[PDB]
K.L.:
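So that we are looking at the same thing, I have put the structure below in structure tokens.
Just so you know, residue 1 is the first one in the sequence shown, and it goes up from there.
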Amino acid sequence: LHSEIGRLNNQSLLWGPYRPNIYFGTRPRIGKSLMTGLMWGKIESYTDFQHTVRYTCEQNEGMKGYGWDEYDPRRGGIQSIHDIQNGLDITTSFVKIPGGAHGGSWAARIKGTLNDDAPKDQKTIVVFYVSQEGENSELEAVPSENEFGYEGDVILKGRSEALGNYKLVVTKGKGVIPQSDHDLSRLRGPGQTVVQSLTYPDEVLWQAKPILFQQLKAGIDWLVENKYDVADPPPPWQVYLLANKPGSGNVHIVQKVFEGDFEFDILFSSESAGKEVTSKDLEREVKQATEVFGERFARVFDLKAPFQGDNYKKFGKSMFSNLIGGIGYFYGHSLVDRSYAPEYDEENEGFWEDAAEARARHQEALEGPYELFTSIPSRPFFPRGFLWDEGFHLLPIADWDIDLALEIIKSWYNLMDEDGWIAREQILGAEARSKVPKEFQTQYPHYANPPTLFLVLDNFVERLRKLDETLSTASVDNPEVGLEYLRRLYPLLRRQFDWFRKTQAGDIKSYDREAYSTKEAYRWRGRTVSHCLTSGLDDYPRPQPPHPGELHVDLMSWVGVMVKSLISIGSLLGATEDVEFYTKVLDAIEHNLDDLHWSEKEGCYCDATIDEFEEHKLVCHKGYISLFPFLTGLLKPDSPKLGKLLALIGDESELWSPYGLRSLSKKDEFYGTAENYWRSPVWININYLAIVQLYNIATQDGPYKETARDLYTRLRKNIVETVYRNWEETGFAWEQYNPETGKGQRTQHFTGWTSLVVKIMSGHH
Ligand SMILES: O=[N+]([O-])c1cc(-c2ccnc(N3CCOCC3)n2)ccc1NCCCCCCN1C[C@H](O)[C@@H](O)[C@H](O)[C@H]1CO
């Protein structure tokens with residue numbers, strides 16, 4: 001029955017607009033298969049279209065905003081795009097229609113409305129680009145009746161082992177098609193939909209922009225060769241209209257030119273499903289998806305006071321939809337240094353210079369291929385899987401669709417190598433690499449990242465203890481199913497736990513270090529003079545200089561998170577030998593957190609280092625790091641150390657701003673210095689952890705119940721209102737928020753863990 005649920009999930013989730021790196025395109029969760037993408041741009045001159053054309057996501061002055069208004073990966077959704085440069089408000093509606101044996105069918109409506117500013121007679125070029133990778137698969141444009149192109153719909157017939165037979169139709173559409181009175185029209189037609197059918201080696205099919213332009217360039221060269229010149233030039237939009245040449249190939253370019261508003265449909269009909277998809281089906285299925293989205297939202301994200309109003313609902317729907325709508329399918333090779341150079345052990349003083357020298361050996365090589373199905377932080381800036389981010393992303397996604405979350409967890413765990421390592425940044429394939437400078441592609445098998453995916457696992461476990469509708473919760477509703485999923489995943493969790501302890505070990509025994517346990521001590525590998533990227537808090541201040549004797553309290557706390565989850569999951573699976581080992585490790589971390597990391601003088605946890613005199617030293621920098629045992633849920637509700645942490649948390653002159661908790665205290669010598677990334681701004685992911693832990697203490701007997709209740713109330717409100725106020729004014733989720741001004745700063749479109757705000761509003765943790 002677990003096998004059955006699995007197959008049903010695969011069939012449910014196979015198709016999606018799973019190319020979040022581009023404004024709009026679709027691909028199935030198959031590495032080498034059929035992909036589509038949308039391009040559009042105004043044309044006002046003979047040279048502007050290369051500059052106006054839109055394809056890959058960006059964010060600059062020329063784009064007001066864009067995002068999913070509604071989205072569920074099993075059903076589809078609606079995206080809106082506000083393009084200032086091209087004076088167009090665009091909507092792309094995508095819908096899935098289950099049926100047959102190849103993952104069902106789907107349809108999209110693309111609608112473009114000129115805004116008030118655009119010339120009413122604007123010409124907009126629109127391209128639907130279709131490619132298919134695979135050795136024995138085929139795709140063919142059925143030729144038109146007419147001489148120069150298409151008066152009606154464009155029909156592509158294709159086949160592959162993965163998809164069986166299928167047809168993909170690009171409908172005629174509605175809107176004015178400009179007509180040219182030029183002599184050229186006798187050879188190219190007056191103006192009509194055209195198709196070019198081409199083949200390139202499969203591995204370059206993703207390069208849609210270059211492939212299109214090469215065809216446009218061939219067209220213009222033809223004009224030059226055939227005496228079309230500046231004495232009497234055809235209009236721009238006709239100069240840039242491809243000569244129709246439909247056929248067989250692994251690339252199909254479908255081009256339309258419109259004057260004024262336009263719309264057209266794409267209908268993907270899986271042959272194994274019977275009757276083909278129509279535009280009427282599309283309109284009906286779109287109406288249905290919205291009603292279903294609306295109903296699940298009200299149930300799953302029931303916003304509590306004071307955020308129950310419609311403004312907050314719309315805010316919540318926007319934040320949530322952008323998060324789950326960023327889900328992508330990525331496929332390809334990664335760049336990995338598999339030298340395990342000894343310099344990477346970082347055992348000596350000055351280790352960063354040694355590590356730099358090893359990296360300058362450039363032993364890294366491509367490996368894989370790998371696939372990943374994941375949500376992402378940022379469509380415009382880094383549309384790809386990041387390990388600790390995904391733990392935050394799946395917290396709301398799991399609420400919505402636990403089976404989906406587990407699907408993504410499984411996807412990530414399927415990347416884990418033999419040692420227990422998952423690269424913290426997944427850059428899969430040439431297309432993904434294109435967005436990343438080569439110096440930054442290389443992953444290192446000694447680099448960890450927080451195991452936040454365990455948090456998602458923990459929520460699943462408590463839920464396990466206490467058709468698309470049904471599928472979304474199958475793995476909790478059917479406890480046999482849920483448990484089997486854990487059984488299969490459990491060894492990889494255990495492997496990762498072990499990997500952390502082998503590779504991210506700190507050094508107690510080698511120094512004058514007294515502690516309850518001789519084993520429990522941790523140090524993030526990969527630190528440079530100013531950074532610790534692997535911890536996730538890039539430039540939070542750390543002992544200077546970095547040192548093999550460093551110990552990092554955040555990392556120890558993450559191991560505490562892991563072992564607690566392992567206790568839970570081990571228990572469920574009856575792994576008694578494992579549970580008793582975990583039990584002893586937890587007990588040990590509890591004591592060693594105090595013995596190595598507690599500062600009585602400072603009233604908080606500190607990282608530790610080793611003196612010029614070879615003695616243990618605490619290095620306190622009051623901020624997120626300082627609160628880690630509390631953020632990760634390792635402290636008892638009665639703990640006096642907790643009470644001291646609550647005092648720091650609530651203290652306005654340290655961490656507490658009107659807009660959330662500051663990453664670093666205003667009193668810290670490093671406040672607002674250098675790049676000031678994690679040295680003052682308010683970050684939603686860590687504020688979320690604080691909020692959840694305050695609420696835990698607030699809903700339980702203890703000395704700090706009321707304090708925590710008050711801090712919960714205020715921090716929830718502060719965080720929510722800051723993110724809302726910024727969304728209201730700018731339309732964006734931001735990466736972080738200014739604690740002086742409350743302004744969003746760093747990157748826009750960060751959905752992204754900022755979207756946690758929807759779960760904060762929902763409450764009842
Ligand atoms: O590579 N870019 O395209 C790129 C572009 C821009 C940017 C900004 C404004 N404008 C422009 N313009 C137009 C576009 O191009 C450039 C010019 N660009 C900024 C950054 C990047 N890439 C940096 C990749 C590293 C991201 C780590 C983020 N997080 C760090 C957290 O600290 C960590 O915890 C967490 O896990 C991760 C993940 O969330």
Side-chain angles (χ1 to χ4, degrees), residues 20-21 31 326-341 343-346 355-356 358-359 361-378 381-394 408-417 419-437 440-454 456 489 491-501 503-504 524-528 531-538 555 558-559 562 753:
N21 57 120
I327 284 168
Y329 178 86
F330 304 90
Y331 176 80
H333 290 77
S334 317
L335 192 54
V336 185
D337 186 334
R338 294 279 187 183
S339 62
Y340 303 79
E343 297 76 357
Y344 293 159
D345 290 330
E346 303 185 338
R359 293 194 302 274
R361 289 172 204 153
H362 293 293
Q363 299 301 113
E364 56 271 11
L366 298 155
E367 58 175 64
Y370 300 115
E371 73 178 17
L372 178 64
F373 188 56
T374 187
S375 61
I376 59 160
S378 186
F381 301 115
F382 30 88
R384 63 181 164 279
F386 286 77
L387 182 52
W388 92 304
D389 295 54
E390 191 71 13
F392 289 109
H393 293 163
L394 289 178
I408 293 168
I409 295 196
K410 163 155 135 266
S411 194
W412 269 94
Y413 276 88
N414 272 340
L415 293 167
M416 175 187 281
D417 78 6
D419 299 328
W421 173 68
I422 300 173
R424 75 173 181 81
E425 186 173 350
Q426 296 291 336
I427 311 170
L428 266 37
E431 177 184 37
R433 283 193 291 281
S434 75
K435 265 248 179 96
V436 180
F440 300 141
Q441 310 174 356
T442 304
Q443 307 298 302
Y444 297 89
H446 64 304
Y447 287 4
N449 215 38
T452 51
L453 286 162
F454 283 67
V456 189
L489 178 65
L492 305 173
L493 307 175
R494 175 190 61 227
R495 196 191 293 171
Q496 187 172 232
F497 172 82
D498 291 334
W499 177 86
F500 265 92
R501 300 159 58 82
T503 61
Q504 308 298 311
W524 292 110
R525 309 295 197 269
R527 83 159 284 242
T528 60
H531 289 95
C532 179
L533 298 190
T534 51
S535 74
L537 295 87
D538 295 16
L555 176 45
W558 285 119
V559 179
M562 279 176 108
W753 57 51

K.L.:
With no hydrogens and no angle check, is any side-chain donor or acceptor of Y370 less than 3.5 Å from a backbone partner on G429?
P.N.:
no

K.L.:
Nearest 0.5 Å, what's the CZ-CD1 distance between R384 and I376?
P.N.:
9.5 Å

K.L.:
Which atoms form the tightest heavy-atom contact between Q504 and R525, and what is the distance?
P.N.:
OE1-N, 2.8 Å

K.L.:
Search all heavy atoms of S334 against all heavy atoms of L428 and return the closest pair with its distance.
P.N.:
OG-CD1, 3.2 Å

K.L.:
Just verifying a value: how many Å separate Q426 CD and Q443 CD, rounded to the nearest 0.5 Å?
P.N.:
7.0 Å

K.L.:
Determine, stepwise, if the pair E425 / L533 fulfils side-chain contact (heavy atoms from CB on, under 4.5 Å).
P.N.:
CA-CA 11 Å; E425 186 173 350; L533 298 190; over 6 Å; no

K.L.:
If you look at every heavy atom in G536 and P450, which pair is closest and at what distance?
P.N.:
N-CD, 4.5 Å

K.L.:
Going from CD1 on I422 to CE on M416, what distance comes out if it is rounded to the nearest 0.5 angstrom?
P.N.:
4.0 Å

K.L.:
Do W388 and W753 come within less than 4.5 Å of each other through their side chains, counting heavy atoms only?
P.N.:
yes

K.L.:
Name the orientation class of the two ring planes belonging to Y447 and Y444 (parallel below 30°, tilted from 30 to 60°, perpendicular beyond 60°).
P.N.:
tilted

K.L.:
Enter the distance from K435:NZ to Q441:CD here, rounded to the nearest 0.5 Å.
P.N.:
14.0 Å

K.L.:
Do the side chains of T452 and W558 get nearer than 4.5 Å, heavy atoms only?
P.N.:
yes

K.L.:
Any side-chain heavy-atom pair from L335 and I427 closer than 4.5 angstrom?
P.N.:
no

K.L.:
Please tell me if the side chains of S339 and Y344 come closer than 4.5 Å, counting only heavy atoms from C-beta onward.
P.N.:
yes

K.L.:
Do you know which two heavy atoms are closest between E431 and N21, and how far apart they sit?
P.N.:
OE2-OD1, 3.3 Å

K.L.:
May I have the list of side-chain donor-acceptor pairs in residues 408-415 shorter than 3.5 Å, sequence neighbours left out?
P.N.:
{"residue": "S411", "atom": "OG", "partner": "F373", "partner atom": "N", "Å": "3.1"}
{"residue": "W412", "atom": "NE1", "partner": "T374", "partner atom": "OG1", "Å": "3.0"}
{"residue": "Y413", "atom": "OH", "partner": "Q496", "partner atom": "NE2", "Å": "2.6"}

K.L.:
At what distance, to the nearest 0.5 angstrom, does CZ of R424 lie from CZ of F386?
P.N.:
7.0 Å

K.L.:
For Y329, is there any backbone N or O sitting under 3.5 Å from a side-chain donor or acceptor partner on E371?
P.N.:
no

K.L.:
Does any part of the side chain of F497, heavy atoms only, come nearer than 4.5 Å to the side chain of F454, both counted from C-beta?
P.N.:
no

K.L.:
Below 4.5 Å, heavy atoms only, C-beta onward: do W524 and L537 meet side chain to side chain?
P.N.:
no

K.L.:
Shortest non-hydrogen contact from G328 to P20?
P.N.:
CA-CD, 3.6 Å

K.L.:
For the residue pair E390 and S375, confirm or rule out a side-chain donor-acceptor distance under 3.5 Å.
P.N.:
yes

K.L.:
I'd like to check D498 versus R495 (side-chain heavy atoms, cut-off strictly below 4.5 Å). Are they in contact?
P.N.:
no

K.L.:
Where do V336 and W421 land on the side-chain contact (heavy atoms from CB on, under 4.5 Å) test, with the steps shown first?
P.N.:
CA-CA 12 Å; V336 185; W421 173 68; 3.6 Å; yes

K.L.:
To check you understand the geometry: which heavy-atom pair defines the closest contact between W499 and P445, and what is its length?
P.N.:
CZ2-O, 3.2 Å

K.L.:
Nearest 0.5 angstrom please: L493 CG to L453 CG, how far?
P.N.:
9.5 Å

K.L.:
Are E343 and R361 close enough that some pair of their side-chain heavy atoms sits under 4.5 Å apart?
P.N.:
yes

K.L.:
If only atom types and distance count, is the side chain of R433 paired as donor or acceptor with the main-chain N or O of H333 below 3.5 Å?
P.N.:
yes

